[PDB]
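Scroll down for the structure; my scribbles are underneath it.
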Amino acid sequence: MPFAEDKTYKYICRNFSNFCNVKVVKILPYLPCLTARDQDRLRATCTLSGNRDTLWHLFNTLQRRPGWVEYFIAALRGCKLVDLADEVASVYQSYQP
Amino acid sequence: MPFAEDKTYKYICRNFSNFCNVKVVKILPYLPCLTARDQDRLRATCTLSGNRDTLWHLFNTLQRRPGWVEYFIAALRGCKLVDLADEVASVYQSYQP
Amino acid sequence: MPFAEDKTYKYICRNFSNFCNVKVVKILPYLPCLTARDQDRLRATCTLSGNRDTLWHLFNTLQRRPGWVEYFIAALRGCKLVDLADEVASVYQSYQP
Amino acid sequence: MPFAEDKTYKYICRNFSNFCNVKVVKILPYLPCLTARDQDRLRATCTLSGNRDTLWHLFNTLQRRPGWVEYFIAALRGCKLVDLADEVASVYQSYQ
Amino acid sequence: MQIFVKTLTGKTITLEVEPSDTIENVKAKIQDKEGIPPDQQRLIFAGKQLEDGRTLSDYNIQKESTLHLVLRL
Amino acid sequence: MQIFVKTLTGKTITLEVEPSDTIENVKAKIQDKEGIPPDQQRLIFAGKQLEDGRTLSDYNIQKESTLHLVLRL
Amino acid sequence: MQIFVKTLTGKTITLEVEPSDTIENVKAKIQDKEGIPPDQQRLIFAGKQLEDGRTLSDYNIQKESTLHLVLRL
Amino acid sequence: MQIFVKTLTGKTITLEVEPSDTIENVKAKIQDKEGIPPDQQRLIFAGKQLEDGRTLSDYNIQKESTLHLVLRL
Amino acid sequence: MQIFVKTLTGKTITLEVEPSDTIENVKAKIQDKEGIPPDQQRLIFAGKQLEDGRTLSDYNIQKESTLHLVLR
Amino acid sequence: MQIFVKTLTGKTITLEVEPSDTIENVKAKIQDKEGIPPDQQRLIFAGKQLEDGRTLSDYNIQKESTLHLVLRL
Amino acid sequence: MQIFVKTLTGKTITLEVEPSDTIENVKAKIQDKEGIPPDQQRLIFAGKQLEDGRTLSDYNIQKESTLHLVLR
Amino acid sequence: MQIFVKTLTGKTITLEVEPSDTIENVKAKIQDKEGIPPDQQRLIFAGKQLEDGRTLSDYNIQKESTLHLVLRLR
Amino acid sequence: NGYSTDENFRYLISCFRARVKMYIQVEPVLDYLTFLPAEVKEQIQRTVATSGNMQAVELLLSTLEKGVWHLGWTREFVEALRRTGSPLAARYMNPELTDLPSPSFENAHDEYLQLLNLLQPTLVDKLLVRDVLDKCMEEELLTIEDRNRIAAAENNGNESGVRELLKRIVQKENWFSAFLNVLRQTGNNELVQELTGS
Amino acid sequence: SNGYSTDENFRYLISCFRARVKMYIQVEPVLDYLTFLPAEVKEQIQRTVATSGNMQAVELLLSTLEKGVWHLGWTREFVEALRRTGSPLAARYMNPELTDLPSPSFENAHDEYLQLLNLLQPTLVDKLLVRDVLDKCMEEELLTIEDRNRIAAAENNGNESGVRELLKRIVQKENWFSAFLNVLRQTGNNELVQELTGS
Amino acid sequence: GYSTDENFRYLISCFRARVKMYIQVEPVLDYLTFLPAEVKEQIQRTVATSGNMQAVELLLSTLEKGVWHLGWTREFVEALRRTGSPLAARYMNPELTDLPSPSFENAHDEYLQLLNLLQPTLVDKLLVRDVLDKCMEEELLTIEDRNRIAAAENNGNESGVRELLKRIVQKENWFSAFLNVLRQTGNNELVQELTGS
Amino acid sequence: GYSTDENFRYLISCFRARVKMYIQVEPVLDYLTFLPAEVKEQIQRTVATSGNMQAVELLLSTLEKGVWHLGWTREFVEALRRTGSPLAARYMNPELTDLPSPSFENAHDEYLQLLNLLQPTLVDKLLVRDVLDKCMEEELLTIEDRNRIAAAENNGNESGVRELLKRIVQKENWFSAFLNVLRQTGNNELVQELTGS
């Protein structure tokens, strides 16, 4: 689904303060959609410049990976961020054709 | 078999939430395949950033050493943690030529 | 007080080797003014490159935060460095209008 | 002696595998030549990324400091690590 | 000492100010010289909203140095 | 399905292969088409050595995908 | 062997030395040619101080290698 | 003073005005020459809309200036 | 051996000296032809102030060279 | 309404469309004079593919705009 | 369409054709006046080879257009 | 086939060599025209040295291709 | 109305030529311009890297003025500006003049830009583009093209990042009011009072 | 093999395919192997690259070769310059021998594949990421060792400047499209190939 | 005896070689308001494509050619004074009062040549990590300059020192203060090699 | 011609492609004292704005034209020899004694093509922090390079090996030395892939 997953990422950018609680190094293992290169570049950035300076890179690297949304919600509620997961999902499943 | 092992690492990345049981400090003695330099990085990371964050470093480091799956499984059930070990094996022997 | 705060920061720079005893990880909890992102970024630099390579980053980030001197002094003497906190005060209100 | 010290670092870089035994956290108190700032850097690097990934940072930071070989040899044999300590001296004193 | 008060429109006003004069006095000099009310000015020198309480010598405004006068609403 | 084997000399050789074939099969016919025996050959795809006994589809090689041939020594 | 001793002013001095010659002896050679005492001489080769008691071959000066001579009081 | 007003059709309008005139004077006086209702105009100078109320000298309109006229249609 | 010490006023100066001359020589020749006391000028050659003691050859002043003169 | 679509060889063609038409409607009407089948047309506007199911107004195209028609590979 | 195709030698060839006419129409009529076999020619319009099947209007070959005829 | 070799002096030497002939053969022809001993030469073809043993076709030197000749001097 | 569409646009860049080069970011807009031959899109890409953005936009508008392109290019150019992250220029370019900002808005935002030029040394000192970027996309006065460009211009120092940010925002729609909003949402509340003067 | 000389034949080809090879020639690295070019000429060409971009300099380069006498064997010096500077496609249009040049269908097809990127460049410039498509691109061998340096340098001022300048490099390589679609496929950009092809 | 624009333009002519060496032009452009924004962009690009010293030459050229609003000369000097290049402010000052003594200008030309000679020693035996914090305390580096030295050091220590050595040489009394910085840190081996004692 | 300046200049035209590939220009500029301070700063900027090889061609072009103090060509060679690019020092040397044998230049060219083919295997299966310590023992990396690699490794091990492999290939006899690094480390499988045996 190349157009709904694009819209929900557009949603994440405009509603980005909601995702400040996501801890990158506690969520990267639960994102199989990221290639082993990306999981190593994000961790390097997280180690170098804190966490919340990486969240934008993490989401901007997820939105390339195909079918990333379904993984992201599974990662969010795997990280006990259930309330945020249900809200990002709502943007997704609602917009499905 | 440097490809069947590589596929096995992709299995662990996807099913990562299963492997959070294994504790790095209690598995590191049973991995001879880890070099004395890489053991130091893991024991330092485990001491610094908890255990769960280190599991991704152990696997990402482990998947580079040759014939790691054979040692990993032998070590992985060396922690009395057999129910999770034999699965990495069912991924392995059910994929050999 | 946009100006007395400005010069007080320059005193901190011009007399910077006096502040080498300030431990960053032991002072960040005492600085509410620091934004949740900067606390995350300073703690990453402190971990990555020691403490006294972070002190200048802590002060260079504080001076942008609103009303930092009042928070800095209260933090600084709350960190048992009373002999250094009153030195900053002895600059601040000794340069107020 | 800005040259015999200079070669001796090239000796240590060349024969670096022998120096893996040196534990940085247990040698830093024996190296007063290292300034307070570098001790904080090395300890943080040793904490962040293990031991043997810090050794090369330790020596590359020692060799800036003045009269380090005289200290390093004493530190090296002060850490009960003598087989290598006499090697470093035998490279340094031999080339005065 | 001469200083120049350059509004955003473009016109430049020359001011005969003394270095010990505080900013409010300079803003007061803007009053009679131009006609802008004392509160409506915002004197900007070398990129620094000039605080009202301080003096020119505090900001180290030398001879014929130019002030950008910006307005409020 | 057509695949290429770009030897370092630049000799680009077209091979017709089915995805289910083993690598030996590609190694076998590349001898028959050009001439190096397999034991001096080392297929390179996606910058990754290709196992002998594996099938093409296991490496997710598609049509028109170009392998590389290097000479074992 | 020919070496070039380039003064800070730009003037180039040519010397005939051997790789076993001491820096002290070299400094004497410049002292002979235009009178700067060896105490006031400070040769720099390859952006590196030339220690006084060591021979050229220690720093690997070959034919037509250039030394920079900077004078300090 | 005279001013030149360009037009979409290219028929440049030359005008005879003075700086203290308001744009209401300029905009209306085109109507008596060109018939475009004062509201219909939307006049441009140097890539900057001119407000109806203010005067030409506000925008530094000088002799033989080149205004631009843009209509809604 | 000719030099041109340009003046802020814009008029150049034709001074005939030789590299043997020191700056007090050329300053004196400036003192003569223009009337500025030597202490009140300061010759400048390509952004390199001329020390009073030295000579024009020390600064590689050559034929038809252009200096610069600043008052005060 | 009056929209342009430019074939990849350059012979642009004018179309009499309505904003809320589904892309099939515009795609179906090339054949009515030109003849490419709907599956072959891959309309591109402003660097974005045009998925046939949605409508023209979905992708925010105004009148006299241009569409790039590239054949399906 | 009257076109100016220029060969290696530099001499131009005028050709009265129509945009409906395809390239073989151009190539075959060169045989009638030049003799170089149709396989030998290959015409280039602004660095683009002329596929034989397609017609001149496909390549925007308009009146007084220059074609390059490279032999061999 | 017919190749040119460019010397430091600038003048370029034409050679009537066949693609089969090795670099030894082409270097011997240099000596037969100028006299530089074959060891002293180091033929260079477009930023690439030429092995003494390989033939020209290995380096893909077709007709009218240019070569560079550099001489070990002291 | 009453005239063509090409000449409507050709007029409308001869009027606002000075107004739009402040607003057009020409490095990304060239991707959406397909009528331009590649040997002209390359020159403009070079003028960006040689003489800066404001010179290339002059070259782009100059090269659009002289020379004729295939019909329908005007909508492709406006649609380029609208979705390349420079919508303020697209209000001016739009040959239907319905959307152009009111003169009071244009005057006010001409003052704010002038004010930001005076206070750039303050911003360049007190701003920290590390903590403002992630709030700029939320307010959508920056684009991933711009946010990549800024973050890659802060690699050679923070202030090079801020000098780049203060070029990108001043082209966005209603930037000053939203920029102050970003500076308030972030910790940089002290800048606002030093910037809005209250 | 041939029916004429070898110098006028090449002057003709750069007079015929000037508009063609202008695309495929990277004039910055090709200048290294043009030894017959005087250094003052190469400076002028070199300055044009930095001023008016690549395709303008190639026009200048092909202009200065066309008008001007050169040492014998410059044609093969020029053609060999193109082959080993990594753009052999231009060499096919410069061999005075004809069988090297691509079939008219191939040249035509790669005009559309070129126009297909220009239409879809904004889509690529967003979704593409040079940090990962670059390395797999060299393995596919359609980016020279010198291009990657200039790609990675254009990556310094942003990712999208890398992509805007990768898509300018790869369109000059022989059979780049079908080779590019691979480079997308063995990377994560499986979405692009759908947008770039319509499968 | 003249106006200020007249002699300040003259001081550019007299000292164009000097202040080309002492002006850090990337940060001075912020304070130069009189320059049109389409020229501050061209200079900012000349910094990023043709080095700083070529951009300063462009900046001095573009100031001296056009005519700017009255009092511009003081913005330029005050820009240089507080952008972290005070030594250039001494020359550019139309007052011509703080201009360094000719012996001082000579002495720091020899030191600068010496530093260029000894640069591979510094780049090899100097850590910008442990010398930066002692520079601001000595006020020979502005927060502008540390921010770009610490950012050019991110791609390696050595590249950090190349950047540090290009911004200390423009500061005032740098060599005496630089040695005081090297002495104060641990790098007492460098000073024994830089001053030759 | 016979002049060693003309002799060097001609030798560049012969090898201009090979040596653009082998010269790491960023550290060389420290040792090139004779170059004007302005040019060196423009070459540093050309590195960042248009890549290394465009800076080397800028360095070589500005070295060729412009008469320098006699014996510069050996100062330039000695710069390349001790800034971790000794392979270019082999070519630059006009007396031409130390030119790598044509078999070497051939063999160590297909090796370079071999890495570009197998770069993804290396990068996936080689981590720099594991190899850097041993890579310095073999002395195919200088402290300049290890700092740059370890600093480039800061933004990801994936980019670290992008930089280690970019740097060893300029070192003399690198491939046979690189394998000795790999086989002396735990990477006994990578050496199997590079050489097959």
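By order of appearance in the structure tokens: chains A, B, ..., then residues from 1 within every chain, and ligands from 1 in the order shown.
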(request) Tell me which protein, DNA and RNA residues are within 7 Å of residue I:38, counting only C-alpha atoms, leaving out same-chain ones fewer than 3 positions away, and put them as a PyMOL selection string. (result) chain I and resi 27-28+31+41
(request) Identify, on the basis of only C-alpha atoms, every residue whose closest approach to residue J:56 does not exceed 8 Å; exclude the query and any residue fewer than 5 positions from it along the same chain; express the result as a list in words. (result)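 These residues fall inside the cut-off: residues 19, 20, 21, 22, 23 and 61 of chain J.
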(message) Which residues are close to residue G:39, i.e. within 12 Å by only C-alpha atoms, leaving aside same-chain residues fewer than 4 positions away? Reply as a VMD selection string.
(response) (chain G and resid 24 27 to 28 30 to 31 35 43 52 70 to 73) or (chain O and resid 196 to 197)
How would the residues just picked look written out with C-alpha atoms as an mmCIF file, in the first residue's frame?
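Now in again17.cif:
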```
data_model
loop_
_atom_site.group_PDB
_atom_site.id
_atom_site.type_symbol
_atom_site.label_atom_id
_atom_site.label_comp_id
_atom_site.auth_asym_id
_atom_site.auth_seq_id
_atom_site.Cartn_x
_atom_site.Cartn_y
_atom_site.Cartn_z
ATOM 1 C CA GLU G 24 75.171 19.779 14.875
ATOM 2 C CA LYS G 27 74.221 23.541 11.592
ATOM 3 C CA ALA G 28 77.913 24.413 11.538
ATOM 4 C CA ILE G 30 75.100 26.895 7.529
ATOM 5 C CA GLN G 31 76.997 28.904 10.134
ATOM 6 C CA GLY G 35 77.321 33.510 9.685
ATOM 7 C CA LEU G 43 66.293 23.575 11.127
ATOM 8 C CA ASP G 52 70.457 18.520 17.556
ATOM 9 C CA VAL G 70 64.153 29.523 11.106
ATOM 10 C CA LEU G 71 66.100 31.745 13.469
ATOM 11 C CA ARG G 72 65.147 32.301 17.084
ATOM 12 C CA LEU G 73 66.999 34.539 19.522
ATOM 13 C CA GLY O 196 62.441 25.960 20.092
ATOM 14 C CA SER O 197 63.469 26.034 23.745
#
```
Put chain G on top of chain H with a least-squares fit on all C-alpha atoms, paired in order, and send it back as a PDB file with C-alpha atoms, in the first residue's frame.
```pdb
ATOM      1  CA  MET G   1       6.224  64.069 -12.234  1.00  0.00           C
ATOM      2  CA  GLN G   2       5.898  61.353 -14.870  1.00  0.00           C
ATOM      3  CA  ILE G   3       5.140  57.714 -14.049  1.00  0.00           C
ATOM      4  CA  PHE G   4       4.555  54.732 -16.312  1.00  0.00           C
ATOM      5  CA  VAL G   5       1.654  52.356 -15.729  1.00  0.00           C
ATOM      6  CA  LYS G   6       2.499  49.261 -17.762  1.00  0.00           C
ATOM      7  CA  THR G   7      -0.503  47.009 -18.300  1.00  0.00           C
ATOM      8  CA  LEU G   8      -0.028  43.249 -18.538  1.00  0.00           C
ATOM      9  CA  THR G   9      -0.732  43.477 -22.281  1.00  0.00           C
ATOM     10  CA  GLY G  10       2.352  45.693 -22.656  1.00  0.00           C
ATOM     11  CA  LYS G  11       0.645  49.041 -23.215  1.00  0.00           C
ATOM     12  CA  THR G  12       2.266  51.869 -21.256  1.00  0.00           C
ATOM     13  CA  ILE G  13       0.261  54.636 -19.578  1.00  0.00           C
ATOM     14  CA  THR G  14       1.782  57.950 -18.504  1.00  0.00           C
ATOM     15  CA  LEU G  15       0.402  59.879 -15.528  1.00  0.00           C
ATOM     16  CA  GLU G  16       1.154  63.224 -13.910  1.00  0.00           C
ATOM     17  CA  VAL G  17       1.107  62.792 -10.137  1.00  0.00           C
ATOM     18  CA  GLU G  18       2.867  64.210  -7.102  1.00  0.00           C
ATOM     19  CA  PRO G  19       4.729  62.143  -4.500  1.00  0.00           C
ATOM     20  CA  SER G  20       2.084  63.184  -1.968  1.00  0.00           C
ATOM     21  CA  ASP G  21      -0.712  61.722  -4.110  1.00  0.00           C
ATOM     22  CA  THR G  22      -2.564  58.779  -2.618  1.00  0.00           C
ATOM     23  CA  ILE G  23      -2.599  55.394  -4.299  1.00  0.00           C
ATOM     24  CA  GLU G  24      -6.388  55.697  -4.277  1.00  0.00           C
ATOM     25  CA  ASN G  25      -6.154  58.971  -6.187  1.00  0.00           C
ATOM     26  CA  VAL G  26      -3.628  57.427  -8.572  1.00  0.00           C
ATOM     27  CA  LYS G  27      -5.908  54.458  -9.182  1.00  0.00           C
ATOM     28  CA  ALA G  28      -8.606  56.973 -10.072  1.00  0.00           C
ATOM     29  CA  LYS G  29      -6.291  58.481 -12.680  1.00  0.00           C
ATOM     30  CA  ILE G  30      -5.877  55.159 -14.477  1.00  0.00           C
ATOM     31  CA  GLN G  31      -9.630  54.675 -14.153  1.00  0.00           C
ATOM     32  CA  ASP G  32     -10.153  57.993 -15.919  1.00  0.00           C
ATOM     33  CA  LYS G  33      -7.840  57.247 -18.811  1.00  0.00           C
ATOM     34  CA  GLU G  34      -9.120  53.834 -19.955  1.00  0.00           C
ATOM     35  CA  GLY G  35     -12.031  52.923 -17.715  1.00  0.00           C
ATOM     36  CA  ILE G  36     -10.814  50.146 -15.415  1.00  0.00           C
ATOM     37  CA  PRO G  37     -12.558  50.768 -12.090  1.00  0.00           C
ATOM     38  CA  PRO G  38     -10.238  51.246  -9.110  1.00  0.00           C
ATOM     39  CA  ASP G  39     -11.722  48.119  -7.545  1.00  0.00           C
ATOM     40  CA  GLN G  40     -10.422  45.999 -10.432  1.00  0.00           C
ATOM     41  CA  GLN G  41      -7.062  47.780 -10.362  1.00  0.00           C
ATOM     42  CA  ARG G  42      -4.024  46.446  -8.542  1.00  0.00           C
ATOM     43  CA  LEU G  43      -0.798  48.380  -9.019  1.00  0.00           C
ATOM     44  CA  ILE G  44       2.549  46.675  -8.526  1.00  0.00           C
ATOM     45  CA  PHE G  45       5.703  48.750  -8.186  1.00  0.00           C
ATOM     46  CA  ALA G  46       9.185  47.306  -7.700  1.00  0.00           C
ATOM     47  CA  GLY G  47       7.641  43.893  -7.263  1.00  0.00           C
ATOM     48  CA  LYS G  48       5.582  45.034  -4.309  1.00  0.00           C
ATOM     49  CA  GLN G  49       1.895  45.511  -3.686  1.00  0.00           C
ATOM     50  CA  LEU G  50       0.890  49.154  -3.483  1.00  0.00           C
ATOM     51  CA  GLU G  51      -1.311  49.495  -0.412  1.00  0.00           C
ATOM     52  CA  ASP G  52      -4.386  51.527  -1.180  1.00  0.00           C
ATOM     53  CA  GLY G  53      -4.220  54.265   1.435  1.00  0.00           C
ATOM     54  CA  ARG G  54      -0.584  55.310   1.190  1.00  0.00           C
ATOM     55  CA  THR G  55       1.121  57.998  -0.850  1.00  0.00           C
ATOM     56  CA  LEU G  56       3.700  57.427  -3.564  1.00  0.00           C
ATOM     57  CA  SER G  57       6.526  59.015  -1.594  1.00  0.00           C
ATOM     58  CA  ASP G  58       6.077  56.219   0.950  1.00  0.00           C
ATOM     59  CA  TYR G  59       7.146  53.762  -1.750  1.00  0.00           C
ATOM     60  CA  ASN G  60       9.593  56.277  -3.278  1.00  0.00           C
ATOM     61  CA  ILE G  61       8.272  56.574  -6.818  1.00  0.00           C
ATOM     62  CA  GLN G  62      10.363  59.100  -8.745  1.00  0.00           C
ATOM     63  CA  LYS G  63       9.994  60.560 -12.222  1.00  0.00           C
ATOM     64  CA  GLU G  64       9.608  57.961 -14.990  1.00  0.00           C
ATOM     65  CA  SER G  65       9.286  55.187 -12.416  1.00  0.00           C
ATOM     66  CA  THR G  66       7.140  52.394 -13.805  1.00  0.00           C
ATOM     67  CA  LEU G  67       4.122  50.771 -12.165  1.00  0.00           C
ATOM     68  CA  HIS G  68       2.627  47.501 -13.342  1.00  0.00           C
ATOM     69  CA  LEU G  69      -1.157  47.359 -13.405  1.00  0.00           C
ATOM     70  CA  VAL G  70      -2.656  43.883 -13.054  1.00  0.00           C
ATOM     71  CA  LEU G  71      -6.412  43.433 -13.054  1.00  0.00           C
ATOM     72  CA  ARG G  72      -8.229  40.996 -10.807  1.00  0.00           C
ATOM     73  CA  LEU G  73     -11.979  40.434 -10.758  1.00  0.00           C
TER      74      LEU G  73
END
```
(request) To one decimal in Å, tell me the separation between atom CA of residue O:132 and atom CA of residue O:150. (result)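 According to the coordinates, atom CA of residue O:132 and atom CA of residue O:150 are separated by 8.1 Å.
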(request) In Å, rounded to a single decimal, give me how far atom CA of residue P:78 is from atom CA of residue D:9. (result)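 Computing the Euclidean distance for atom CA of residue D:9 and atom CA of residue P:78 yields 21.2 Å.
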(request) Considering only C-alpha atoms, state which residue in the set C:48, C:26, C:94, C:64 is at the smallest distance from chain B. (result)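 Comparing C:48, C:26, C:94, C:64 against chain B, the winner is C:48.
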